[PDB]
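Working notes, structure below.
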Amino acid sequence: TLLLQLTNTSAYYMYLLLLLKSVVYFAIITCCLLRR
Amino acid sequence: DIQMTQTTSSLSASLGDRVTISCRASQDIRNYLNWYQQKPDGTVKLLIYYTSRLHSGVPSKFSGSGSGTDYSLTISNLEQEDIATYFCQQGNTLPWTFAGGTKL
Amino acid sequence: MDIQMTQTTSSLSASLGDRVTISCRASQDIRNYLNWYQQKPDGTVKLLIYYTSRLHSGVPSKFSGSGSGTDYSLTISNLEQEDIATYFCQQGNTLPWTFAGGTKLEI
Amino acid sequence: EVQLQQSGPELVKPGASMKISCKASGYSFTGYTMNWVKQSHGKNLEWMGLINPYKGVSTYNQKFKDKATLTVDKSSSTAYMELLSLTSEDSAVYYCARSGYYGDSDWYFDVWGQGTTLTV
Amino acid sequence: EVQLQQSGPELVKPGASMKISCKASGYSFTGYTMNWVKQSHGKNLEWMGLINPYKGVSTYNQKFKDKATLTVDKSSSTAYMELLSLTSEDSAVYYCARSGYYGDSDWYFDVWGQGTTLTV
Amino acid sequence: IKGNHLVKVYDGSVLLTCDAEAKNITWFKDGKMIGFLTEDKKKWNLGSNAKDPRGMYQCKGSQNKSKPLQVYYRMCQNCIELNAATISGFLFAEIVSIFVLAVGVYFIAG
Amino acid sequence: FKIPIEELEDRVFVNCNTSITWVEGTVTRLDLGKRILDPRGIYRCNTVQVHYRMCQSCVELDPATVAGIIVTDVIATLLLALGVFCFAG
Amino acid sequence: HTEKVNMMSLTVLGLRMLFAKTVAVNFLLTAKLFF
Amino acid sequence: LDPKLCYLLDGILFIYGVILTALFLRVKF
Amino acid sequence: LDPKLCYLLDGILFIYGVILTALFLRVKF
Amino acid sequence: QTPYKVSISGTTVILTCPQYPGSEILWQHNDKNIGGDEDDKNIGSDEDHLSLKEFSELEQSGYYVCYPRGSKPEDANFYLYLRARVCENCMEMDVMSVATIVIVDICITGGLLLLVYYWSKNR
Amino acid sequence: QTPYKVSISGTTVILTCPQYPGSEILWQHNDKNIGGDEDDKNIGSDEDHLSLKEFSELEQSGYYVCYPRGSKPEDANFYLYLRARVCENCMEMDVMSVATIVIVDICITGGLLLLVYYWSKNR
Ligand SMILES: CC(C)CCC[C@@H](C)[C@H]1CC[C@H]2[C@@H]3CC=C4C[C@@H](O)CC[C@]4(C)[C@H]3CC[C@]12C
């Protein structure tokens, strides 16, 4: 069950990195929507 | 509430004698009985419990016996302080029913 | 800082079959850490008692010792022509492990 | 030394409510179940009931549920009885009897009280 | 059996450098510490130091820190001492003694060598 | 036990006993006064092993202060594996996510 | 009497001096399967009400993370509603 | 041990639910920005 | 434990993909 | 490896769904 | 003859004895007296609720029996055997409960998106 | 009393004993001596380190104490209890490394999105 924990805590940072990229993409789309 | 009557309601015991106190119950109480020493001035203390054991501070001259219904107390070398009444107390079912006892 | 470990007796007079003790006093408390080496006349030495309580592997059982703190002693009986030697003690607490002057038996 | 001290005669009017304290000393009051045994007619003992000192919960004889109500005071280390509708028959001597807390020792009364002769 | 043979007695002139070997046989040599002990004047034993055969790290006496140097050729199961700046005070027997590897058993010298009468 | 070695270690939590009188044991940590406990519980807990309890612990009882026992737990619960599959998946997700965001920003100029 | 419960080879089975008479719950010696399946029930040997919560579907949810994911899921769905608010506005 | 592994699995699932929500909101915001 | 929550969210996204696939095939014709 | 292949399936489902709904909204321009 | 409702809640176990109504009920663990006044205050037999704060799976577990006041522990022949690996702030949920909560979340997400879409259509 | 600094990488643990300088440093494990020639060549030793290559989960975990040459094992001034988990290429993602990874990736994403915006606006 150790390798399952390793995959889970690798995914917990992978998806959080995807969340940070999606948050900054949300920031740029909000900036361009305010430009819109 | 099992009635607890002694077969010997009152008896005469001489000084320095070994006299047993017969106690009986309506039903078997699974040896759950205690004997109590009540001095006639009013003060009362635990003599023995569970018909065989001995309380702390109780003298070794007091011990009980019997299984089932007929229970007895063994008292040896009666003194002037030993002249009192004694109560067998059923400790089996609620409520704990005492007995009439016998004077000495 | 080294322990100046000395023996009170350097030459002990004894005889065959005698039970005699050998004294060795330490400068400090060395918590039951001694050894008891014997020196043959040709110079060949060996260990007899280590830790002052247990005996060496292959030693005769006639060698024994006791003591704790600073006063330690060796108990030996039935001295033979093989047992004439010089007997040593050493400390084990602090480096360097210092020996003593050694007690030589006399027949 | 474990000591159980009560009040005196405690003269109480008939038909009223009577109180009889029982002070606990030499031991922890909440650690030992204190029963209440009444000397009926000067010759026969019978059991009124008990009260848990640690939690205040009381268990009574089925004949004498309405005769008295047992309360305790943890700060005062005293056990109280509050007799309800006492008659000339109910004038008797009341013993407070300590025992063991749990079910293996709550059935023998180890140390008793002097007993207050509730006379009218 | 376990036994340690040493070099012969050498009449080494003062001021030169001597080399005495001591073989180790009958046991795993690299797993037991070799302690080098000098018997001055034929009476008083003096402990000069130990060299660990495995690591090669050697701890010396405070007096003989500079006057002695221990080396080990592990392949031939030998323990060497390169005595340097010899004096007539060094005309003594120089045993090598096996103790245990670890601190619970390195303080007793189990078996001892024959002894090189290093005459100066 | 020998020479002030009183603090021992024995259930996710770490059980940390001390060898002293069972009246009052004071648990110091990091060279300062951190704890002082009562009787009948000399097994002071800092947390589960997954919450990596570490540091110098020392107890003081009726005898002298115990010499410090430094626990060092590295039960990870936060350790990622740098195997080829995991780093390959992370690089794949990184490249795909940055490319998808780039397509999102390539089509925004109008 | 004091009817015992045996945990041998990670399995629960009741042992008595006579026959076991089950009355209610999950079902001399009567097997109950493993202990990880959490058996319960009343077993009256002519009596014990056994209970097991060796939790293997067991979660240690801390309030900080499960509160954070909720308070960010709610604001994510709120911004999604703001996105659908621009569908026809 | 496993009681924290399961909580890690649930918070990965919650992060992925919220990732699907944030991908949906970015897609809808970009599409309405183009519209 | 619980490695099948991933398959649950993958099933949710597969439902989303197939209800876009049906719409795309319908409006494509 | 089962959660990792499940996450690979998740990634390809995200990309397939995103591309397909991008085309489907390209139709409704 | 009701069973003992064992109310596990975090690092706290609540045993109940609803077999005897009204009577004061004491508790015994492994034929050793527990509940009420004891050495440790982590255990309290309030009413029928035998609370077990900081439950240990090895030393506070095992046999449990309730008996009313005025009844012997040896008289009772209806015991409980408890094993429960409790855990701090720690629920127990299967895969079906997680499926339920994700289905509820996606359903209320859709039901709020449709509501916001219609309130935007109106104004 | 400098604490025993420990450097775990992958499946090997390197127990450094910063006190006892200069002298030979030995080692002890569960009151049994290691750090020399023995049956297993996995547990090495050095002038300051006890490198347990291929560190086991529990077969090599216990009380690890250094003592200098000459000093007794119980004469050592310090102890360490080690119980660690190992992998093939695990790294401990502590808060500093996680924050650094997040800030590096968010700066990378910002720079790439700015550059993509620039060349998309240019064409
Ligand atoms: C998912 C987030 C992070 C990034 C979003 C990127 C994708 C999904 C976005 C970025 C630009 C978008 C496109 C921009 C322009 C057009 C052409 C128009 O006729 C219809 C919609 C369509 C086809 C959009 C569909 C979705 C789209 C491709």
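The numbers used for chain F are those of Swiss-Prot, and the residues that appear cover 25-34, 39-138, in sequence.
Header lists the method as electron microscopy, 3.4 Å.
From the backbone N, Cα and C atoms, a Cβ is placed for every residue, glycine too.
Disulfide connectivity taken from Swiss-Prot links F:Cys46 to one of F:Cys87, F:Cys104, namely F:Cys87. Ranking the glycosylation sites F:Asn52, F:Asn92 by C-beta neighbours within 10 Å puts F:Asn52 at the top. Note that 4 residues are not built between F:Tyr34 and F:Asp39; their Cα atoms stand 11 Å apart. Across the structure, F:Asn52 (N-linked glycosylation site) and F:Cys87 (disulfide bond) place their CA atoms 10 angstrom apart. The Cβ of F:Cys87 (disulfide bond) has 27 other Cβ atoms within 10 Å, all protein chains considered.
Annotation note: F:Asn92 (N-linked glycosylation site) sits in a coil segment as assigned by DSSP. Comparing F:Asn92 (N-linked glycosylation site) with F:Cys46 (disulfide bond), their Cα atoms are 12 Å apart once rounded.
Cβ neighbours within 10 Å of F:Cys46 (disulfide bond), excluding its own Cβ and spanning all shown chains: 23. Secondary structure from DSSP puts F:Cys87 (disulfide bond) in a beta strand.
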